[PDB]
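Have a look below at one chain only, the form deposited in one PDB entry, in structure tokens format.
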């Protein structure tokens, strides 16, 4: 079992604060991170989502997936994971503008792909893969998490952005978010930088009038990688490759550098 007996977790510095969640740096057999719920009495829907998150996390045991460590019900609903040292891929690329060498960029892609393939094998759809959810641990290991606390439309596949079905979320949807993550790694930028209207980005991506400008890729970006990016970003979801095949392509281009 993974229930941490109450009076063990020492919640400390509030690192992130959101609408429902609040992440704290903590202490439980060393430094840990604690996702918590603000309320003293939780909603039956809140208790379900906590049960679901812990449910997903207890199915994961992989280096590219954030280490689930335990849960706690009393006093507040809390999910304990490892504490990570460093910053998210988003922070690196877009906040502090870290200039990674092409070889590292491809490795960050390979690691994200590795973690993605694991989740998909375990029939887990992330639904929200983005650079803010890729943690570059000890500055070298990708750790896929859910560092969000609330949409994030830049990584959404046209079929998702359209909401033309009850569940438009697929393994393919995640492949498109991965495609956008590759665009970030290879351009050092977010897509649709020149468009200042969210609703229009939404409208156009859905209608397929707008796609990421692949000409923005770094000069040293391998032709194979740019091709892979293009496949991951296909408007038609059936045309998108899956992570076993994505991994294969990344690992191959990595060898030719």
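Numbering follows the first chain given and starts at 1. The term rigid core refers to the most C-alpha atoms you can superpose between the two forms while keeping them within 1.5 Å.
This protein has a second form, the form solved in complex with a partner chain, left out of what is shown; the following refers to that one.
Not displayed here, the partner chain is approached by residue 97 to within 4.5 Å at the level of heavy atoms in the deposited complex. Residue 198 belongs to the set of residues with a heavy atom inside 4.5 Å of the partner chain in the deposited complex. Looking at residue 161, you'd find a heavy atom of it within 4.5 angstroms of the partner chain in the deposited complex. Shown alone here, residue 187 lies farther than 4.5 Å from the partner chain in the deposited complex, counting heavy atoms only.
Relative to the superposed rigid core, residue 165 undergoes a CA displacement of at least 2 Å between this form and the one not shown.
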